[PDB]
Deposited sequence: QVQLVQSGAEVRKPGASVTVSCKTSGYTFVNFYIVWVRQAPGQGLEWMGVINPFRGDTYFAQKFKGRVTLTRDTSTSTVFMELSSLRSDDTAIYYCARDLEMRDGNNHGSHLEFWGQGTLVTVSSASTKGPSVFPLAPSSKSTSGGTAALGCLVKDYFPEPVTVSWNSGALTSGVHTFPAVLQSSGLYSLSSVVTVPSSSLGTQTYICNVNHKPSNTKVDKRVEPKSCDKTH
């Protein structure tokens, strides 16, 4: 069963460089072009370039010729993607993908049938920081404000998983300080404010958990 497995999330200062790898299996590594594509967050897809794992030769869209090299290890059938002179707007999820058919001489002509899970690379001068968590105190709505953390992601659940109905965890926004902020909210029967207790459970790898009670 064909599988492209990428390496984990990365954070970099502007100006630094990053290497994402892509470990492939389930087919003859050397027989298929491998393609990279990225996505800036809440944005479209942007095609980066392609490698022939047999010859090693590559091709990049103009925007990436300066700064991307692609390389390959045939013994471990892994492909490596290296992006240098990083800038904040390189912050994106990076995907590797495999062409549908075997090498046809047409490398950019590729159909991305099998994709990695993606690698988040965030470029920012911020430094690692776990959130402060504040109550959104109150059919009635209550919540948690998960504020001033970096980098993505956090996870949030309510009463340790129990409560799922009526829950909305919103996508984080990036503040002017370069830390993220996110809210999680839940609607609930007005008549439960007196009776049930509500707790949001917040995890920030790396590496931080907070449990916060919601009363009133």
Which ranges of the deposited chain go unmodelled, in order along the sequence? 139-146, 225-232
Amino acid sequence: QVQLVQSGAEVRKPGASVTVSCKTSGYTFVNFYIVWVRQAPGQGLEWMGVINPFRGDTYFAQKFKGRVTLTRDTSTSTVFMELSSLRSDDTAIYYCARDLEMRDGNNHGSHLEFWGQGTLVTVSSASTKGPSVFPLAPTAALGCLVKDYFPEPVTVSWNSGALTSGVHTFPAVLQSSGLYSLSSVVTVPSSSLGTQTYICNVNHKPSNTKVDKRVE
From here on, numbers count along this sequence of modelled residues.
Looking at the entry, does 25-33 or 153-161 show the higher mean C-alpha B-factor? 153-161
Out of 36-44 and 184-192, which stretch has the higher average CA B-factor listed in the record? 184-192
Take the CA temperature factors straight from the PDB entry and tell me which of 72, 111, 129, 103 peaks. 129
Of the residues 125, 76, 107, 117, the one whose Cα carries the largest B-factor in the deposited record is 125
Ranking the modelled residues of this chain by C-alpha B-factor as given in the entry, is residue 96 in the lowest, middle or highest third? lowest
Among the modelled residues of its chain, the C-alpha B-factor of residue 178 falls in the third labelled middle
Grab the CA temperature factor for residue 4 from the record and place it in the lowest, middle or highest third of its chain. lowest
C-alpha B factor of residue 136, ranked within the chain: lowest, middle or highest third? highest
Test of reading the entry: by CA B factor among the chain's modelled residues, which third contains residue 207? highest
